[PDB]
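Peer 1: Supplied in structure tokens, the structure appears directly below.
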Amino acid sequence: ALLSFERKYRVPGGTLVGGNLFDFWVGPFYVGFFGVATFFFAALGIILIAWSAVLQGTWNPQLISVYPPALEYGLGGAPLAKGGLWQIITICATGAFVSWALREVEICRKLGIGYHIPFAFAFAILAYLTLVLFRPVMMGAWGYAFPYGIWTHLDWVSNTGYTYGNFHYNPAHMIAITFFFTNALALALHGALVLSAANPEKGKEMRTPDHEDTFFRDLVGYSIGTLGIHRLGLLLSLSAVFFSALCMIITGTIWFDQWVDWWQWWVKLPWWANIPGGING
Amino acid sequence: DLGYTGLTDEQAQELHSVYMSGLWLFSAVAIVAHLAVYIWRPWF
Amino acid sequence: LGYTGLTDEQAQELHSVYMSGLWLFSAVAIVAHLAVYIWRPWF
Amino acid sequence: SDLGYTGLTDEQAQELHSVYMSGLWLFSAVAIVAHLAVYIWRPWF
Amino acid sequence: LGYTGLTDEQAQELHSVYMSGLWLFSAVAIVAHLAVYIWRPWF
Amino acid sequence: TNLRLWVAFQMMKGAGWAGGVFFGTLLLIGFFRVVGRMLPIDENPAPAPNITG
Amino acid sequence: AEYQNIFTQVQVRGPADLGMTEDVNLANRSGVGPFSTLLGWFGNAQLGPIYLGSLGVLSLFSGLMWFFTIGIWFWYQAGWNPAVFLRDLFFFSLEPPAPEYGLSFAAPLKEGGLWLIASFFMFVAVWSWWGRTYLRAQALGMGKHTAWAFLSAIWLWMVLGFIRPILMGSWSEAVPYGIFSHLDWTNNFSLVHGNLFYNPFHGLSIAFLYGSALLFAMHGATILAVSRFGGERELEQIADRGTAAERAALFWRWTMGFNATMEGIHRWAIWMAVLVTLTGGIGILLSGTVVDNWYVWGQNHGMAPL
Amino acid sequence: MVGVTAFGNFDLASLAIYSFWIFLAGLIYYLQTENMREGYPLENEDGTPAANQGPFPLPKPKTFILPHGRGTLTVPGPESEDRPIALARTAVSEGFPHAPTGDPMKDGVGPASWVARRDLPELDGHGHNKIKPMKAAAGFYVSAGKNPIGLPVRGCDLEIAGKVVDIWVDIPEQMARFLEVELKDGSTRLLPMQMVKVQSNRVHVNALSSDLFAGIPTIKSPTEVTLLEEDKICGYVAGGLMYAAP
Amino acid sequence: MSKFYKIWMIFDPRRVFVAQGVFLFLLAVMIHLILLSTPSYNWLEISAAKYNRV
Amino acid sequence: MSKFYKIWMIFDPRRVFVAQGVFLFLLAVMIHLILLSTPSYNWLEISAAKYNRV
Amino acid sequence: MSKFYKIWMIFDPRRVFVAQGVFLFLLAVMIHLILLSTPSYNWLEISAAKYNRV
Amino acid sequence: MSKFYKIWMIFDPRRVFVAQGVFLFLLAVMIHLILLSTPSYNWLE
Amino acid sequence: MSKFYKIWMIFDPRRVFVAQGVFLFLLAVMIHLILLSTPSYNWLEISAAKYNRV
Amino acid sequence: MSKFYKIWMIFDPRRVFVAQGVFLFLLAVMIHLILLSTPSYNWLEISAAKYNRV
Ligand code: BCL
Ligand SMILES: CC[C@H]1c2cc3[nH]c4c(c3C)C(=O)[C@H](C(=O)OC)c4c3nc(cc4[nH]c(cc(n2)[C@@H]1C)c(C(C)=O)c4C)[C@@H](C)[C@@H]3CCC(=O)OC/C=C(\C)CCC[C@H](C)CCC[C@H](C)CCCC(C)C
Ligand SMILES: COC(C)(C)C/C=C/C(C)=C/C=C/C(C)=C/C=C/C(C)=C/C=C/C=C(C)/C=C/C=C(\C)CC/C=C(\C)CCC=C(C)C
Ligand SMILES: COC(C)(C)C/C=C/C(C)=C/C=C/C(C)=C/C=C/C(C)=C/C=C/C=C(C)/C=C/C=C(\C)CC/C=C(\C)CCC=C(C)C
Ligand SMILES: COC(C)(C)C/C=C/C(C)=C/C=C/C(C)=C/C=C/C(C)=C/C=C/C=C(C)/C=C/C=C(\C)CC/C=C(\C)CCC=C(C)C
Ligand SMILES: COC(C)(C)C/C=C/C(C)=C/C=C/C(C)=C/C=C/C(C)=C/C=C/C=C(C)/C=C/C=C(\C)CC/C=C(\C)CCC=C(C)C
Ligand SMILES: COC(C)(C)C/C=C/C(C)=C/C=C/C(C)=C/C=C/C(C)=C/C=C\C=C(C)\C=C\C=C(/C)CC/C=C(\C)CCC=C(C)C
Ligand SMILES: CCCCCCCCCCCCO[C@@H]1O[C@H](CO)[C@@H](O[C@H]2O[C@H](CO)[C@@H](O)[C@H](O)[C@H]2O)[C@H](O)[C@H]1O
Ligand SMILES: CCCCCCCCCCCCO[C@@H]1O[C@H](CO)[C@@H](O[C@H]2O[C@H](CO)[C@@H](O)[C@H](O)[C@H]2O)[C@H](O)[C@H]1O
Ligand SMILES: CCCCCCCCCCCC[N+](C)(C)[O-]
Ligand SMILES: [Fe+3]
């Protein structure tokens with residue numbers, strides 16, 4: 001079961017650990033040293049979530065939740081039924097993500113390509129580690145991390161957001177949201193522009209990247225190029241996650257009050273704080 | 001026989017003999033450590 | 001037949017060692033279960 | 001090609017199937033005894 | 001037309017085995033339904 | 001007795017990396033722990049975001 | 001150090017690219033503008049030319065009136081003070097008429113009348129731009145994927161400001177024109193309908209906003225990784241598959257167990273992005289019209305304990 | 001119409017959420033089968049079609065017309081790695097690596113692989129050559145950045161391998177593609193720009209060492225590069241990160 | 001009806017059996033779950049009610 | 001019934017055995033977990049109550 | 001079972017032994033954790049209560 | 001039983017021992033953390 | 001009617017049958033779940049309320 | 001209506017019938033649900049009220 005062009009690419013090498021001990025493919029998947037680690041951590045964490053369901057007394061997947069240890073336990077261990085299982089699953093998830101990122105590095109070496117993909121995945125990992133590990137460690141307890149439930153991890157988001165009022169007023173939140181909206185807008189434009197070139201009107205010759213530049217210059221007067229759009233897509237998403245993790249590592253550790261009150265530093269600048277009129281004066 | 005990794009038959013026996021001797025000696029230290037804890041604070 | 005290249009005499013020698021490790025593994029687990037059932041039976 | 005997608009000949013499939021069902025009958029025989037033990041211990045009917 | 005590649009006699013044989021297993025599976029389910037109906041009827 | 005030292009150094013090389021990576025994370029946890037206690041937290045303790053469970 | 005192909009280390013500049021005239025009315029197309037060295041560090045340096053035809057005039061002049069109407073209301077709201085305008089720029093807002101008027105157009109210009117005027121300018125400007133987006137593709141003999149993907153974003157735009165306020169029977173349901181103003185509307189919209197988090201389509205819409213971010217990080221990193229094999233020119237990879245497309249596919253084949261082609265990945269990209277606003281439109285249109293409390297509705301549909 | 005349910009709790013919001021599951025399932029079928037137009041059907045480890053082809057059936061052929069009389073490409077269609085793959089399997093069983101039967105970089109296997117593409121230059125919309133040397137392209141200059149012409153080229157072994165003669169530029173995209181580097185042998189080779197690091201006083205190539213520039217595949221025309229030559233050059237250089245950094 | 005054997009000349013035998021085996025197992029799992037939901041057919045707690053195991 | 005061996009002329013034993021091992025183990029876990037879910041059949045709690053170890 | 005040795009003429013020992021190693025350690029940690037979660041068979045707290053350590 | 005030495009004719013000894021050092025250390029860390037969590041065996045107190 | 005057989009020269013038989021097979025299954029599951037959500041036709045609870053199971 | 005048959009020279013029969021097949025089913029399902037939503041035309045609630053099935 002190989003792609004028609006896959007035989008010349010399956011060669012031995014590019015393994016950080018081992019070299020032949022775990023250098024083989026199980027089906028299409030590459031089983032590295034960290035593929036063994038990823039499977040063990042992925043499998044253990046799943047069955048613990050299954051086990052936490054029977055301790056919870058439910059089988060509806062949308063009701064299953066693994067809660068972090070209560071705020072009374074601080075930053076130490078916890079009983080398994082209370083929050084100890086969360087700490088094992090968080091360790092299992094942390095092990096599975098880093099092994100998955102490390103396993104991608106072995107695939108990049110064996111194909112001889114750049115390491116942009118594993119680097120971009122580490123941004124997701126760092127955002128996740130911010131929410132469960134870095135931010136709770138600063139605040140002082142494991143109970144500030146989100147629970148592992150489909151609809152209860154939304155309750156953590158809602159409850160944490162409203163602790164500081166409307167979370168829309170977090171300045172780093174606004175920057176991150178702007179990057180997320182721009183990334184999805186650019187993804188729609190990028191997919192549509194390439195598809196329209198590859199699939200022209202009807203019975204027409206396939207278009208060229210000179211038609212791709214011309215379309216967006218006719219439309220919006222500028223064209224970032226074929227190399228520029230891919231650099232932009234990578235950077236918009238990494239920026240979106242960077243300011244995502246930035247807005248939560250400063251919430252509850254540096255900023256403690258309503259985020260609406262932050263914007264009064266601008267409206268109370270000395271040279272126009274007392275001019276009558278407008279909304280705030 | 002198989003030679004998957006390229007070791008002779010008398011090479012594996014010598015390597016296993018060294019590996020097993022360390023394994024038993026490692027377990028001897030572990031049993032000493034477990035015996036010390038059980039005297040201090042038994043878990044059964 | 002013969003997806004891996006081992007012949008019959010090799011498979012039996014490979015399976016002879018595997019089952020020895022299996023019976024060894026289960027024997028330890030049998031004693032471990034017998035000891036635990038003595039200490040705190042679950043039936 | 002129903003005359004074999006996997007390259008097994010007719011006789012090889014018969015040999016492979018005989019070994020497979022032998023494991024199936026052994027595995028099911030353990031489950032029959034396991035259910036017979038649980039049913040005597042704590043019947044579900 | 002024939003989109004797979006099977007000749008007519010191969011279709012005859014493949015169906016013969018498939019229907020032989022189709023009856024076996026439905027035979028066991030009939031006995032299971034007849035057993036459950038006696039124990040606790042749904043009508 | 002080279003083989004005895006060879007096998008030990010192969011294992012000690014494996015255990016060294018596991019220790020090096022593990023105690024590398026504890027410093028990172030220890031870093032946010034220290035920065036946590038030099039900030040005005042513990043005087044503005046946030047409420048529990050999720051029910052204790 | 002190792003080159004990661006994120007910034008162009010060397011820039012090369014020649015004659016200005018005037019584009020290709022498949023069926024384009026070459027009169028409407030302007031002349032080539034300046035070259036930006038700063039933009040050249042990341043992508044192309046050439047700005048322009050831009051096609052401004054009949055729908056360009058209608059869209060740009062209507063978009064100007066929408067933008068200028070909101071600006072004059074902000075100057076009125078600032079008491080015509082340049083400093084107060086600068087100070088309270090993010091606090092000014094043009095609001096829809098009060099719920100007492102319903103959908104009627106008899107509201108005073110200071111109580112939701114200018115909102116209707118500005119809204120009409122926005123309606124003409126956005127819809128004319130969709131026509132221009134469609135017609136610009138047609139003149140080059142290209143597919144209409146850009147026009148139909150834009151129509152997905154217009155769908156959420158029309159649900160927020162036009163369709164739902166008609167179905168709710170009042171213009172007061174619509175979005176005010178302001179920076180902090182439409183953030184408050186978003187926050188209050190959830191509170192009125194009981195924790196919009198439990199709207200199944202808001203949940204799906206977020207799945208594709210994260211999915212778009214996930215997918216463009218994956219695709220953008222994949223292409224820059226195989227850019228050393230000429231992988232950035234995806235169009236010529238589709239015509240004649242090269243080692244860039246094979247290594248890109250085999251990376252995700254060995255990682256995930258399944259992969260895409262050089263053309264099929266852009267069908268994932270366009271479909272993932274359009275579902276962000278296609279699903280969001282339904283979830284917004286269902287809020288208040290069909291469900292007035294998403295947490296209570298959730299409780300009856302799993303999703304939440306009783 | 002809040003609370004109106006046709007049955008049970010199935011209201012208009014349930015009809016919408018259940019209609020989307022069906023639409024999403026149809027979309028995932030469509031998106032996946034549109035991605036089986038290259039590399040299928042699946043082969044065995046030696047070349048024969050595999051006994052397993054997956055849940056998703058193959059799509060129906062589509063014809064791509066090529067923009068300069070270059071023919072019609074129909075996918076999916078007959079496929080063949082039209083080249084001598086020089087590999088010998090390390091195991092009888094499947095799923096194990098294939099060892100090269102000789103020099104891997106020259107033979108074109110592993111991370112040093114290349115694809116037998118069309119042996120013609122890539123054309124812009126005007127029909128000209130998309131890539132051509134800068135001294136042949138008219139009006140092209142180095143607008144910004146260190147002009148990497150005349151700098152020595154240092155390999156991964158910190159030994160000089162030549163000096164840059166020209167820059168091959170992408171005419172419509174207006175970006176540098178390759179560096180033409182003259183060797184001590186007097187001949188010229190192309191190095192892709194993505195694989196070079198242009199420093200203040202040199203160009204550093206981390207992929208190849210000094211005594212491998214003479215092995216880069218050459219080009220049959222001094223002012224014209226084809227897709228086959230691009231794939232051999234790019235594949236060879238980037239294959240040195242694994243087979244040429246010992 | 002006799003000519004139902006010719007469905008195998010139309011559909012690939014490999015995909016049919018994988019599709020059918022998944023369909024049968026998911027269906028059987030679904031029906032076993034519907035009975036477990038009803039307290040009147042949950043055979044596990046019927047036995048608890050009968051044998052006084054609570 | 002006596003010609004079921006021809007299933008191996010359609011499906012590869014290597015992929016059938018791997019799928020079967022995954023399926024049987026996951027089914028075994030699902031049924032064992034379901035029993036622990038029910039109070040009436042949780043063998044850990046039954047012995048705890050029987051031998052007065054609560 | 002007199003011919004179960006033929007499984008090694010189907011599966012390569014290198015991939016089997018690796019897979020079996022992950023399964024046996026996954027199964028072992030799974031059960032040792034299940035007993036720890038249940039208060040009836042948590043040997044770490046049974047000792048703590050038995051010797052009046054709390 | 002006496003032929004377990006043939007495990008070194010299948011797997012690479014120079015790679016098994018490196019991985020076995022990783023496994024034994026991570027297992028040791030796992031147990032100490034569990035012991036450290038229990039109030040009775042918390043020795044750092 | 002006499003010339004309805006031409007339908008198979010317009011559409012692929014392989015795509016029609018899969019389209020119809022999925023349609024027939026989902027429709028039957030929808031109607032069966034509609035009756036289960038109506039207490040007047042829920043055959044599981046009708047038997048329970050008739051045989052005094054609860 | 002004598003020359004209605006030339007509608008097919010303009011449109012593909014494949015594209016029309018799929019469009020008609022989806023349209024008819026969606027219209028039919030919608031009307032059936034609209035009737036179930038109204039208590040006056042829910043044929044399942046009428047029967048229960050007629051036969052005292054609640
Ligand atoms: C407290 C507030 C509520 C909440 C209340 C709402 C409300 C209300 C809405 C959303 C909507 C969304 N929410 Mg929410 N949302 C919450 C929590 C979240 C969280 C989170 C981590 O907690 C996330 C990631 C999201 C994310 C999302 C998105 C999935 C979705 C917006 C899609 C979009 O891109 O629209 C933005 C895109 C458009 C609106 C289309 C615009 C296109 C138009 C046509 C272009 C006009 C251009 C204009 C004229 C300017 C021209 C300028 C010149 C050309 C230069 N929400 C909380 C629970 N959310 C929206 C939705 O649809 O979801 C159902 C929505 O209406
Ligand atoms: C940083 C930019 C964006 C990004 C990038 C990104 N993601 C990536 C990659 C990249 C570059 C990969 O290469 C990698 C990949 O291979 O994707 C297919 C991946 C990936 N991103 C994924 C998901 C993902 N990315 C997200 C976000 C983002 N990814 C960012 C927005 C999200 C969000 C926002 O929710 C999700 C869910 C996977 C599809 C994949 C990584 C797969 C992986 O880690 O595999 C190994 C682990 C498992 C098989 C599962 C382990 C399960 C645990 C043991 C138990 C469960 C723990 C979990 C925390 C429970 C959650 C409960 C509730 C919160 C629901
Ligand atoms: C969370 O769940 C808990 C932990 C509570 C319960 C779970 C428990 C589980 C699943 C435990 C699993 C345990 C297992 C499988 C343990 C296996 C351990 C093994 C196989 C250890 C083997 C070690 C072998 C060694 C260390 C061999 C070493 C040999 C040498 C180093 C050779 C040379 C050394 C010599 C000769 C010794 C003298 C040399 C010097 C230099 C002094
Ligand atoms: C919510 O709405 C409710 C549910 C309340 C009400 C809505 C109701 C609606 C919308 C109902 C719609 C119902 C419809 C459209 C039903 C249609 C049913 C049909 C068309 C069923 C057709 C079935 C056909 C079958 C089962 C045919 C099977 C054929 C075979 C098994 C033989 C296979 C064919 C072979 C082998 C041909 C081989 C021949 C050669 C030469 C190879
Ligand atoms: C939620 O609902 C619940 C779960 C409560 C109820 C639902 C229950 C359901 C849906 C249950 C479904 C159960 C099923 C379908 C079970 C199927 C079980 C089977 C098929 C078991 C078969 C096992 C067979 C085995 C383990 C055979 C192993 C054979 C061997 C180890 C022999 C080795 C074979 C060789 C060596 C091949 C010969 C090789 C040569 C070269 C001749
Ligand atoms: C939630 O549900 C719970 C978890 C509570 C209950 C569920 C329980 C379940 C699902 C349990 C499943 C248990 C199973 C399937 C257990 C199976 C265990 C087995 C098969 C263990 C086998 C062990 C075999 C071993 C350890 C064999 C070792 C063999 C060797 C060391 C031989 C070495 C091989 C050599 C030297 C190669 C020889 C080479 C030549 C050339 C002769
Ligand atoms: C110094 O500055 C000057 C004066 C030079 C210019 C400055 C301008 C400024 C400061 C502009 C500020 C603009 C801002 C803050 C704009 C913000 C816009 C936002 C946040 C819009 C968000 C949502 C808007 C939506 C969803 C609008 C939707 C509208 C429709 C969907 C169509 C509406 C049409 C309706 C309601 C009916 C119209 C029909 C008739 C017959 C009247
Ligand atoms: C990777 C992200 C997730 C990581 C999860 C890590 C969880 C494992 C924590 C290991 C360290 C545990 O650290 C240890 O926890 C126990 C928990 O009772 C604490 O124990 C404390 O509370 C107990 C409660 O009865 C009391 O005896 C006393 O107040 C004190 O000993 C210790 O003060 C602390 O040293
Ligand atoms: C996966 C895609 C295909 C989906 C299946 C195809 C059919 C699509 C329509 C299915 C509609 C029936 O779906 C079914 O509706 C009834 C209507 O109350 C729901 O409601 C039923 O269970 C819920 C939850 O316990 C109860 O609150 C409710 O009192 C009861 O009537 C069912 O939980 C749901 O399963
Ligand atoms: C039998 C006693 C064994 C003692 C050695 C155990 C492994 C030691 C690993 C040392 C690692 C230290 N460090 C800081 C790198 O983690
Ligand atoms: Fe792209």
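Residue numbering restarts at 1 for every chain of the structure tokens, chains are lettered A, B, ... in their displayed order, and ligands are numbered from 1 as they appear.
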Taking only C-alpha atoms and all ligand atoms into account, which residues are within 7 Å of ligand 1, as a VMD selection string?
Peer 2: (chain A and resid 157 to 158 181) or (chain G and resid 122 126 153 to 154 156 to 157 160 186 to 187 189 to 190 195 to 197 201 to 202 205 to 206 209 276 to 277 279 to 281 283 to 284)
Peer 1: Deliver the residues from the most recent selection as a file, using N, CA and C atoms, as a PDB file, in the first residue's frame.
Peer 2:
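Heads up, here's the output in part-v5.pdb:
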```pdb
ATOM      1  N   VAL A 157     -13.883  28.793  29.504  1.00  0.00           N
ATOM      2  CA  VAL A 157     -13.595  29.991  28.724  1.00  0.00           C
ATOM      3  C   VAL A 157     -14.559  31.104  29.098  1.00  0.00           C
ATOM      4  N   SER A 158     -15.848  30.782  29.180  1.00  0.00           N
ATOM      5  CA  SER A 158     -16.844  31.793  29.509  1.00  0.00           C
ATOM      6  C   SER A 158     -16.638  32.332  30.916  1.00  0.00           C
ATOM      7  N   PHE A 181      -9.111  36.551  11.993  1.00  0.00           N
ATOM      8  CA  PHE A 181     -10.042  36.917  10.930  1.00  0.00           C
ATOM      9  C   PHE A 181      -9.314  37.135   9.610  1.00  0.00           C
TER      10      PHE A 181
ATOM     11  N   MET G 122     -23.697  51.104   2.573  1.00  0.00           N
ATOM     12  CA  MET G 122     -22.945  49.871   2.763  1.00  0.00           C
ATOM     13  C   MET G 122     -23.548  48.726   1.967  1.00  0.00           C
ATOM     14  N   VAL G 126     -21.040  46.949  -0.740  1.00  0.00           N
ATOM     15  CA  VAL G 126     -20.595  45.570  -0.574  1.00  0.00           C
ATOM     16  C   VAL G 126     -21.095  44.700  -1.718  1.00  0.00           C
ATOM     17  N   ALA G 153     -19.140  35.061   2.923  1.00  0.00           N
ATOM     18  CA  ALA G 153     -18.931  36.116   3.904  1.00  0.00           C
ATOM     19  C   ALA G 153     -20.038  37.158   3.859  1.00  0.00           C
ATOM     20  N   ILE G 154     -20.562  37.448   2.667  1.00  0.00           N
ATOM     21  CA  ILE G 154     -21.709  38.339   2.538  1.00  0.00           C
ATOM     22  C   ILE G 154     -22.926  37.750   3.233  1.00  0.00           C
ATOM     23  N   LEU G 156     -23.120  36.008   6.123  1.00  0.00           N
ATOM     24  CA  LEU G 156     -23.093  36.411   7.525  1.00  0.00           C
ATOM     25  C   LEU G 156     -23.312  37.912   7.670  1.00  0.00           C
ATOM     26  N   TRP G 157     -22.780  38.696   6.736  1.00  0.00           N
ATOM     27  CA  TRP G 157     -22.969  40.141   6.770  1.00  0.00           C
ATOM     28  C   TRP G 157     -24.433  40.515   6.591  1.00  0.00           C
ATOM     29  N   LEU G 160     -26.476  39.454   9.809  1.00  0.00           N
ATOM     30  CA  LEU G 160     -26.295  40.330  10.961  1.00  0.00           C
ATOM     31  C   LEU G 160     -27.091  41.618  10.819  1.00  0.00           C
ATOM     32  N   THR G 186     -21.814  42.524  20.324  1.00  0.00           N
ATOM     33  CA  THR G 186     -21.460  41.109  20.305  1.00  0.00           C
ATOM     34  C   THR G 186     -21.567  40.497  21.694  1.00  0.00           C
ATOM     35  N   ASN G 187     -21.058  41.196  22.707  1.00  0.00           N
ATOM     36  CA  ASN G 187     -21.133  40.676  24.066  1.00  0.00           C
ATOM     37  C   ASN G 187     -22.573  40.588  24.543  1.00  0.00           C
ATOM     38  N   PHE G 189     -25.282  40.365  22.642  1.00  0.00           N
ATOM     39  CA  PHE G 189     -26.047  39.408  21.849  1.00  0.00           C
ATOM     40  C   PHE G 189     -26.010  38.020  22.472  1.00  0.00           C
ATOM     41  N   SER G 190     -24.857  37.628  23.006  1.00  0.00           N
ATOM     42  CA  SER G 190     -24.747  36.344  23.683  1.00  0.00           C
ATOM     43  C   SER G 190     -25.558  36.320  24.970  1.00  0.00           C
ATOM     44  N   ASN G 195     -25.822  32.526  26.583  1.00  0.00           N
ATOM     45  CA  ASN G 195     -24.540  31.850  26.392  1.00  0.00           C
ATOM     46  C   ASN G 195     -24.456  31.201  25.008  1.00  0.00           C
ATOM     47  N   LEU G 196     -24.250  32.062  24.015  1.00  0.00           N
ATOM     48  CA  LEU G 196     -24.105  31.656  22.621  1.00  0.00           C
ATOM     49  C   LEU G 196     -23.095  30.532  22.414  1.00  0.00           C
ATOM     50  N   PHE G 197     -22.258  30.249  23.416  1.00  0.00           N
ATOM     51  CA  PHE G 197     -21.337  29.121  23.322  1.00  0.00           C
ATOM     52  C   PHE G 197     -22.064  27.819  23.031  1.00  0.00           C
ATOM     53  N   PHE G 201     -24.116  25.936  15.924  1.00  0.00           N
ATOM     54  CA  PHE G 201     -23.486  26.488  14.734  1.00  0.00           C
ATOM     55  C   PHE G 201     -22.410  27.500  15.077  1.00  0.00           C
ATOM     56  N   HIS G 202     -22.538  28.195  16.204  1.00  0.00           N
ATOM     57  CA  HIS G 202     -21.410  28.970  16.697  1.00  0.00           C
ATOM     58  C   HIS G 202     -20.250  28.052  17.042  1.00  0.00           C
ATOM     59  N   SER G 205     -18.911  27.018  13.680  1.00  0.00           N
ATOM     60  CA  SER G 205     -18.240  28.154  13.056  1.00  0.00           C
ATOM     61  C   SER G 205     -16.849  28.363  13.637  1.00  0.00           C
ATOM     62  N   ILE G 206     -16.695  28.138  14.943  1.00  0.00           N
ATOM     63  CA  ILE G 206     -15.389  28.241  15.585  1.00  0.00           C
ATOM     64  C   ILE G 206     -14.490  27.088  15.165  1.00  0.00           C
ATOM     65  N   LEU G 209     -12.964  28.308  12.077  1.00  0.00           N
ATOM     66  CA  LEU G 209     -12.034  29.415  12.258  1.00  0.00           C
ATOM     67  C   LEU G 209     -10.710  28.914  12.811  1.00  0.00           C
ATOM     68  N   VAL G 276     -16.841  29.013   7.801  1.00  0.00           N
ATOM     69  CA  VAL G 276     -16.762  29.895   8.962  1.00  0.00           C
ATOM     70  C   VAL G 276     -17.947  30.849   8.976  1.00  0.00           C
ATOM     71  N   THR G 277     -18.261  31.431   7.818  1.00  0.00           N
ATOM     72  CA  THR G 277     -19.345  32.404   7.757  1.00  0.00           C
ATOM     73  C   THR G 277     -20.641  31.783   7.262  1.00  0.00           C
ATOM     74  N   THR G 279     -21.741  28.719   8.251  1.00  0.00           N
ATOM     75  CA  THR G 279     -22.319  28.180   9.475  1.00  0.00           C
ATOM     76  C   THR G 279     -22.683  29.292  10.451  1.00  0.00           C
ATOM     77  N   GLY G 280     -21.864  30.339  10.514  1.00  0.00           N
ATOM     78  CA  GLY G 280     -22.149  31.434  11.419  1.00  0.00           C
ATOM     79  C   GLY G 280     -23.441  32.150  11.085  1.00  0.00           C
ATOM     80  N   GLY G 281     -23.767  32.248   9.798  1.00  0.00           N
ATOM     81  CA  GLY G 281     -25.016  32.879   9.412  1.00  0.00           C
ATOM     82  C   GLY G 281     -26.237  32.136   9.918  1.00  0.00           C
ATOM     83  N   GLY G 283     -26.352  29.998  12.580  1.00  0.00           N
ATOM     84  CA  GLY G 283     -26.404  30.118  14.024  1.00  0.00           C
ATOM     85  C   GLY G 283     -26.905  31.473  14.481  1.00  0.00           C
ATOM     86  N   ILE G 284     -26.508  32.536  13.783  1.00  0.00           N
ATOM     87  CA  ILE G 284     -27.007  33.865  14.123  1.00  0.00           C
ATOM     88  C   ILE G 284     -28.471  34.008  13.732  1.00  0.00           C
TER      89      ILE G 284
END
```
Peer 1: Within 8 Å of ligand 7 (counting only C-alpha atoms and all ligand atoms), which residues show up? I'd like them as a ChimeraX atom specification.
Peer 2: /G:67-72,74-75,89-90,92-93,105,115-123,157-163,165,171,174-179,181-182
Peer 1: If you count only C-alpha atoms, which residues fall within 10 Å of residue 15 (chain J), apart from same-chain ones fewer than 6 positions away, as an NGL selection string?
Peer 2: (:A and (27)) or (:H and (51-52))
Peer 1: Could you give me, as a short mmCIF file (atom, residue, chain, number, x, y, z; two decimals) with C-alpha atoms, in the first residue's frame, every polymer residue with an atom at most 9 Å away from an atom of ligand 10, counting only C-alpha atoms and all ligand atoms?
Peer 2:
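out_22.cif, freshly written:
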```cif
data_model
loop_
_atom_site.label_atom_id
_atom_site.label_comp_id
_atom_site.auth_asym_id
_atom_site.auth_seq_id
_atom_site.Cartn_x
_atom_site.Cartn_y
_atom_site.Cartn_z
CA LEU B 25 22.81 -6.82 40.03
CA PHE B 26 20.49 -3.89 39.31
CA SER B 27 17.58 -5.84 40.80
CA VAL B 29 20.04 -2.91 44.55
CA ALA B 30 16.31 -2.40 43.98
CA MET F 11 22.18 3.17 29.22
CA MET F 12 23.63 6.12 31.14
CA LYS F 13 23.50 8.06 27.87
CA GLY F 14 19.82 7.19 27.54
CA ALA F 15 19.06 8.06 31.16
CA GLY F 16 21.09 11.27 30.96
CA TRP F 17 18.88 12.68 28.22
CA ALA F 18 15.71 11.67 30.07
CA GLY F 19 17.06 13.42 33.15
CA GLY F 20 18.30 16.40 31.17
CA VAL F 21 14.95 16.93 29.48
CA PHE F 22 13.01 16.28 32.69
CA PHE F 23 14.97 18.64 34.94
CA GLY F 24 14.94 21.15 32.09
CA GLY L 21 17.96 3.91 29.78
CA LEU L 24 13.96 3.00 33.24
CA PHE L 25 14.44 6.65 34.18
#
```
